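Chains as they are written, first to last, in PDB author numbering: chain H, 14 to 523; chain F, 12 to 525; chain N, 11 to 523. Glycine included, every Cβ here is placed at the ideal spot set by N, Cα and C. Data first, discussion second: the structure below is written as structure tokens.
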Amino acid sequence: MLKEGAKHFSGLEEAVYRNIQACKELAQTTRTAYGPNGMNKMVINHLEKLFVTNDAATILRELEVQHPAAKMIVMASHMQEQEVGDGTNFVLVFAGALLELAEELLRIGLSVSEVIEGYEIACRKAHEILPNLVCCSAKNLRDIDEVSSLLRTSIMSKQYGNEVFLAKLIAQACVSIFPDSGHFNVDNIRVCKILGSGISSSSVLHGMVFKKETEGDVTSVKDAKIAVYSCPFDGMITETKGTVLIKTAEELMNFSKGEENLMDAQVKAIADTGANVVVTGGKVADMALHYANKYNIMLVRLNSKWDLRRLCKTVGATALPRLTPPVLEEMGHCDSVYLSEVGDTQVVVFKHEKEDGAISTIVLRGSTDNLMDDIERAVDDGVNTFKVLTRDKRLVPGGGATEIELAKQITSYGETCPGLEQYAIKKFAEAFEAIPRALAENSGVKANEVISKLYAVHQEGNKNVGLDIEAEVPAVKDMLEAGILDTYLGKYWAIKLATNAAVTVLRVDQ
Amino acid sequence: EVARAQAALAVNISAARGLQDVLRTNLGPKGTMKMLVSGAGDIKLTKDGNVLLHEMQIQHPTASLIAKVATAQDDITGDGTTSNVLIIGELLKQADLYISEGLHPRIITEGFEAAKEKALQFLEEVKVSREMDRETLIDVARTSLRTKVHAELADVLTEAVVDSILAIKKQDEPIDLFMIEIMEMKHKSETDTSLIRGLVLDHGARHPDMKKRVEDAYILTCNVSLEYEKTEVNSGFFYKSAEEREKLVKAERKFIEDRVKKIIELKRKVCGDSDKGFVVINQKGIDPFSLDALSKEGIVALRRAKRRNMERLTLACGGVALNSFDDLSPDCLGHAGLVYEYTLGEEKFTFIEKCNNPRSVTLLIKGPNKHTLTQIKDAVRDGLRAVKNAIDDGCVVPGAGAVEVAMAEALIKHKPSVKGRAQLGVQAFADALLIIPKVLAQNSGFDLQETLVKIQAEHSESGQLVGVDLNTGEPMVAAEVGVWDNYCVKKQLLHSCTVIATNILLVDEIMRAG
Amino acid sequence: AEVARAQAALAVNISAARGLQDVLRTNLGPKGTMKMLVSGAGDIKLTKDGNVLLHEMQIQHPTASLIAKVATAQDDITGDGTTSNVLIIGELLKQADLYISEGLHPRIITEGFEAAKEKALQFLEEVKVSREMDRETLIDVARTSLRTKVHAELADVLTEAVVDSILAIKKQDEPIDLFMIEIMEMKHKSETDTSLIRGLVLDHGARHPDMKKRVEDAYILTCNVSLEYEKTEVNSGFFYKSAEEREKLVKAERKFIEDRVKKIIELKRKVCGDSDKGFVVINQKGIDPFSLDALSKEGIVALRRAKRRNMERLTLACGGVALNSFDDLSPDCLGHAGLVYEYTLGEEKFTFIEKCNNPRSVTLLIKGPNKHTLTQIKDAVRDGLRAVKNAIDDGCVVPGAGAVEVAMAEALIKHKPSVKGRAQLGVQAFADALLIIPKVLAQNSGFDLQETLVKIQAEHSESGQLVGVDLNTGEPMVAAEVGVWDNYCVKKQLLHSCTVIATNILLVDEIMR
């Protein structure tokens, strides 16, 4: 400060300006990133590799700002993304939008608590009236449509057109195997992206899909006792002496054969422990391969940790470098453990089917990684939006036909509840228009034009914005029934969530 | 360099001001929490007077001096410390004028004294003897909690706060020493906070279903493992020589089952019946088969326990820490009235609860484990001090600075000196008092002006302690409000503010030393 | 365009005013000092008086325009305390600024001044009493009136002569004296000396031993148009344009000269008798060379250069009337003061017209060789004459020496403005502005302006004590008992003139350049 002491970068103006303004910075694109999104975002992640998406959290985590303002709220956006797969595209914009009313009320001179608390009780009032606007509930996981109907909404809230083949393909991955009652799992259903085939060739093989080359034979048994190992081959040939191969002419003789019998004992000890599939994040060797061909134990030549991880995760396997006779601790899990060609890529396939614990493994055949990973992104955040763990998701208008109802609900009521809080309560019903704007953003019209008509749709729950021109000229697309609703819950959090950090990040002048 | 005479204090006055502004709301539920980046480079949020000081790396000597002196009071109260910064420099803002009018800072330091004493006298005359009712404790707890966190957050947490202190006064302890154990726990939300009259261990060892649900818990806290090692060489014995390794291979696996079946004995020694779950608790690891050989018998063995727990468990259960197992009666291994290993997330947090003489009450908070959950970890222990202070003093008054006016009124209304020299100081003295309640109101709402001339005329009308409504900005009876100044709390700021202002108000030469 | 507005704009104002007033703290009372002012004339102007200093040479300020009104106003309505007013207002502003530094509205600070003044007004109405208009009771005030304006040693040597002039009244109702001020000045061997003369003195006379040195029965013929003309209240036209007109001009003028001097000498015989009384000719213009010694030897005293102010004071003082002319006329019209005495002091011939039918005109002969001294003392006489008259015009006199200012500050005891707290500040700001004079003296004296002042209040709060800082040693004493008294009309008028400008300050939040 004035004094050489007082560590801080936040406060006073730079709070009522820069913090909120820095909060404004990132919500800018989240607008283009939520609901139907025609917008796209190049990102290099410190691979210098471009990637394209509409999602903030993928990007924001990378982005580094002086100020915890940005650094905090993402956690809530994560806290959403943790609990709810999508809407996080939205979860940031409303707070940042709702915030900047304060700095205005600060120019209008409204106190911290005064500005805060109006949003609060209105947020409770929201949390009171928000479930009143539950317009449906989900029903059946076994039904593909009942699932896929919703799933578009989040895929929509990532990317618009693709959602159709996708949402179906998702419940066709059997979101249904899990009850979605107190349980559901990504890693069991895990996306596995095959570069090649088509992007709409993205398929479903229930049970593990490992793009890794499937070696040896097929597993000794399909129940396979599965000993997965980080690097069970560090080489059994040693790299030593002169040439980084040999030094003395007598050296080479012992280098070549030693790999064999060690790996022979190693792959015998794979059979000795009884592993019916051998998984080497370490190298593949033809002898060991032929040993794995002799002992008939299916071989995995190379592993991402994700391989080992999931194998460690799902099978109950434990990946360990073995220069060491393998010992089954990993043991088995999956009742059918296969070789397969999916995308006609050699696909390491383990499968076991259980109401909980079943791997129903999303296999994305795809033409482009940079797409198929963003194609993964929406289905990810779509099935994570499928993750509610209420089979009946108490659905509310998806793509936000809600806000117009609530923008009507609160600020009207907002004045009824009196005192300067009312203005914060009335400011509360404003930033609803964000996604109606944020779609009209990527749709290309004015939120006023939107809201004026979508106030003129009055009590609806249905008509609202979207993509194309029906979010433009009428600003009317049925966001109850385009087939698009959203769960009350993912909605319920964003208000609740974006209530907290927004309220919070204002309070802090240091 | 030298900042000479008036200049040296001109530095002192300034460094007080801008920080006082931060704390005009660091205080009350109106009080605004403040965050720290450059204090570390971490993302850090805190509300409290002294801690924020230490958290920041504070280059300015004044602040650098203050963090130490406000500590001693922040040691005791924890609230009123977020208050304390105001009155001090504000008094500088008072007196500097008088020396700017011209006068000795001497006579004003002098002048503060008798005013401090009448205050101290008034502090007696004001302090309201109040009872130990948990209600009376709640409002003292929550007012500090309300100061430090949301009144809601104050409310929801207040119960467990005023609860443990009852069991720590069950010890007839005048203060809070144990039952200070706080536990942050993996959760999506900091919403969840629980009051464990006993303790909580975080581990079930590594083995589930040991009869980990334990109604009758005879607590073996054993800092020695049942896991010494399953391999050839001992736990601390390492050998790269060959012949010495073949020596330990045989009995290393044995000395486990030595200690294992000691417990297997100790189980039947303690119990004779698997019915009562016998709780083994290890500061270090325990072998799976050790657990297995124990778990099957119904022995619940815990490993990797914490030394404070070991301390706590020894004390709370009437428990014992042991370097051996052998055989012992149930009571030789202290008793927990209830023990339940509780899995949340992955980790199974053993609830060892209502230990015999549950001398340590674990206050468990389930949250995101952010500094947000740390942000509520303070007000509690802070409020603990406050109720401990309220436990300390039966004499507690309305908060919200109702005392300030009634101080500033009487102390100024009469000349305690019937002099200039002291009254000059006295004038400045009791003036810096009112800074807090008016600015609180002024920060809340109605300006310093009305609330004062309210509360003054009100006190003038009353003599009741009437104090600001921090959600209104005009006074109420803070006895009725619940915001309550412990005489233990409120007294020490009079010490600090004066005693700090004494020598710092007298400096002329200042220089780099060394 | 370029506009200064609101809070930051009024700063320069209150920075100026409070900054401009603090220099006058060197003034107001004998422990304060005469302040030296210099002009483009290079004149060293030594006045502890605010007005003199204020309206002559200063630094450009927007407040410099407004302050020039009030020290004039208090000089106008009193003649005293023009130095007083200035130090109160910024002291109130310094107070007021704090509350505005508190952000509390200049409007809410403005609107609280007025009751507070009324309070003190009513209070100064309470602490006033009707005192004597007695010369000695005026000395009590004259000592006090002069010192807070002019110097004490001057005050003392002025105290007797100042009162004597304003005591010479017929019981006029005038708060200041028009004709009791007749100021004769001189280059002396005393840089400061003042003679006290009742009646009128002439600017210049003409003294001859032929003329009567002492005219006891004085029929004063006081004339503008002079001896060079003949039965004329109006001068006669000259033509130097041509030769033959000028040729006839210089011959007949002596007839205008002769008849005129004849007009007096035959009229002295008529009016004053032959040698029986003394005669007085006043020539407000030059005196003819023939008529000079001719009026001289006839018993007539012809007086060269009496003013038009001598003209009017004489008529009023001596009860006669000044003429334009020397023509034969009754003695009564011709001015008669029971003494005409031409007193030549220095190089200047001062003709007393004394034993005047009205001692309305009374004269003070100032002395100094040094003009700055002649400036000071000649200026030092007037304020008291105006001030101390406010004691002898008014049956009431307010007690001085700041004893009454400590008296209201507590008598302003607060939450008496329980109204809002803006008036409570308006009184709280005002209670402190009262004390700036009791401050500035103990200030200008030893010890503390405060430690004594709080003694004063701690004392004054004690019963029976209206007590105040000494104007000299700065020590506590009861002021009304010392007789130290500022004029009654000062305070009540002072408070109004004090508060209004400071009130005007807060209503101006905008200044446009």
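In this structure, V271 (chain F) lies away from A228 (chain F), with their beta-carbon atoms at least 7 Å apart. In this chain, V62 (chain N) is not harboured by any beta strand (DSSP E); it is covered by the alpha helix (DSSP H) spanning 60–66. Identification of chain N residues near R432 (chain F) by a Cβ-Cβ cut-off of 8 Å yields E461, ordered along the chain.
Neighbours of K79 (chain F) in chain H, taken as residues whose beta carbon is under 8 Å from its own, are absent, since the nearest beta carbon is some 13 Å off. Chain F places no beta carbon closer than 7 Å to that of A452 (chain N), leaving this residue out of the contacts.
Interface criterion met: the Cβ of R520 (chain H) is under 7 Å from a Cβ in chain F. Residue-level contact check: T43 (chain F) touches chain H, since one or more beta carbons of chain H fall below 7 Å from its beta carbon. Under the 7 Å criterion on CB atoms, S428 (chain N) is classed as interfacial with respect to chain F.
Assignment of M300 (chain H) by DSSP, reduced to helix, strand and coil, places it in the helix class. Counting only Cβ-Cβ distances below 9 Å, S75 (chain F) has contacts in chain H at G18, in chain order.
Per DSSP, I508 (chain H) is one residue of the alpha helix (DSSP H) stretching across 501–520. Per the C-alpha coordinates, the member of F:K280, F:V372, F:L102, F:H218 positioned closest to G296 (chain F) is F:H218.
Cβ atoms of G329 (chain H) and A237 (chain H) stay farther apart than 8 Å, at about 12 Å. Our two residues, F362 (chain N) and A443 (chain N), have alpha carbons roughly 48 Å apart in a direct line. Contact between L38 (chain F) and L451 (chain F) is confirmed by a C-beta separation of about 7 Å, below the 8 Å threshold. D303 (chain N) sits in a helix when the DSSP states are folded into three classes.
Looking at the DSSP output, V479 (chain F) shares a beta bridge with F:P486.
Rounded to the nearest whole angstrom, the CA to CA distance from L97 (chain N) to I24 (chain N) is 13 Å.
For the beta strand (DSSP E) assignment, the uninterrupted runs of no fewer than 3 residues enclosed by the region 225–274 of chain H are, from N- to C-terminal side, 239–242. Of all C-beta pairs linking the region 384–403 of chain F to the region 455–475 of chain F, fewer than three are shorter than 8 Å, placing the two stretches out of contact.
From the listed residues F:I446, F:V281, F:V151, the smallest Cα separation to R141 (chain F) is found for F:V151. Listed in chain order, the non-local C-beta contacts of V13 (chain N) below 6 Å within the same chain comprise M522, local neighbours out to five positions each way being set aside. Look at the region 470–504 of chain F: the residues with a C-beta under 8 Å from a C-beta of chain N are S471. According to the DSSP secondary-structure assignment, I193 (chain N) is paired through a beta bridge with N:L374.
Counting only residues of its own chain and dropping the five nearest sequence neighbours on each side, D519 (chain N) has a CB closer than 8 Å to the CB of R15, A16, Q17, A19, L20, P116.
According to the DSSP assignment, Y132 (chain H) belongs to the alpha helix (DSSP H) that extends over 125–145.
In the assembly as shown, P379 (chain N) is an exposed residue. Its beta-carbon has fewer than 16 other beta-carbons within 10 Å. Below 8 Å, too few C-beta pairs join the region 136–143 of chain H and the region 470–480 of chain H to call them touching: fewer than three. Taking a C-beta distance under 7 Å as the contact criterion, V477 (chain N) and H470 (chain N) qualify as a contact pair. Closer than 7 Å to the CB of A126 (chain N) there is not a single CB belonging to chain F. Distance from the Cα of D269 (chain N) is smallest, within the candidate group N:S335, N:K223, N:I77, for N:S335. For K159 (chain N), no CB of chain F lies under 7 Å from its own CB, so it is not counted at the interface with that chain. Listed in chain order, the positions of the region 22–47 of chain H with a beta carbon within less than 7 Å of a beta carbon of chain F are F22, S23.
For the pair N58 (chain H) and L480 (chain H), the Cα-to-Cα distance works out to about 29 Å.
By the criterion of a C-beta distance shorter than 7 Å, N61 (chain F) is surrounded in its chain by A78, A81, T82, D85, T92, once the five residues flanking it on both sides are discounted.
Put simply, the CB of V464 (chain F) is near chain N, with a gap under 7 Å to one of its CB atoms.
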